[PDB]
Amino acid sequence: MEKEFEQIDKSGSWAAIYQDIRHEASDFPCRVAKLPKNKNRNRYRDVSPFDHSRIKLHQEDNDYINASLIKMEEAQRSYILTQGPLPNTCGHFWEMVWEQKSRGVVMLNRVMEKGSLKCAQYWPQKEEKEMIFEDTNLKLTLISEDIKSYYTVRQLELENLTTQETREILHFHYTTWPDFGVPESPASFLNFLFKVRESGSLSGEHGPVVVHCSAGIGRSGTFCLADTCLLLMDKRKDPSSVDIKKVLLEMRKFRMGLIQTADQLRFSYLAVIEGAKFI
């Protein structure tokens, strides 16, 4: 892989490899996402979950949320990739976390970037100002947060107000992705991924981790792609048999558009190459 990377870099053919992925990517129907009644549940009209892999909400109301289950069979990991919640879908977002039994939420954007809103403020910033989602009957309380220079980990308490059951949700927030482009070095991003892993949030004991950025396909795709490739490299007898392009095309059977630019593709390669050396 590190030779294929150096050759793609020497040849300058990241854009070509990336356009090949786009051309080969699966196309499945997104009928439900495009229903008129779901217009205000989609942050971007061009980014929709496929019907076959969308997450369905369970309460007696519209079951639609812009979220997809990515189930990587060989790597034996699942992820939920979703858009940054909208002001009217934060209750649905936490309903999904509850119903899918997720332990961790991975956020790869700041709520505002370059002075534009990428995502609703869907968790409480102050302990004493908890959030109640009256539509889905959930309460969300900030218990503590561990703010580091490049990411923050928050301990949130999510309470189902119907049953009074509570769960601890870990919010892993990568706060330093650049305004433009991708990180120059994958070190921070890998350290962040390894902290999510260390938490147990990605274990099969829990529901799938919920990963989002603004549309839930670009930075989020890099996170899940890197994580899955690194899993495959540990499992296979020949770890250089792991073909990142093939893994990405497999992930794109579950959600469209994962990895949004040739720079993100190169970054994913770089993260996998560097992450494998660490492990």
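In this text, residue numbers run from 1 along the sequence as written.
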Review point. So which stretch wins on mean C-alpha B-factor, 127-135 or 84-92?
Key: 127-135
Review point. Comparing 245-253 with 232-240, where is the mean C-alpha B-factor higher?
Key: 232-240
Point to revise | Residue, from 185, 160, 121, 155, that the PDB entry assigns the highest Cα B-factor | key: 185
**Study point:** Candidate residues 145, 168, 205, 99, the one whose C-alpha B factor the record puts highest
**Key:** 205
Practice item. Check where residue 173 lands among this chain's C-alpha B-factors and tell me if it's the lowest, middle or highest third. Key: lowest
**Study point:** CA B-factor ranking of residue 46, expressed as a third of its chain
**Key:** highest
Review point. Going by the entry, which third of its chain does the Cα temperature factor of residue 180 land in?
Key: highest
Point to revise | Relative C-alpha B-factor of residue 141, binned into the chain's lowest, middle or highest third | key: lowest
Point to revise | Lowest, middle or highest third - CA B-factor, residue 195 | key: highest
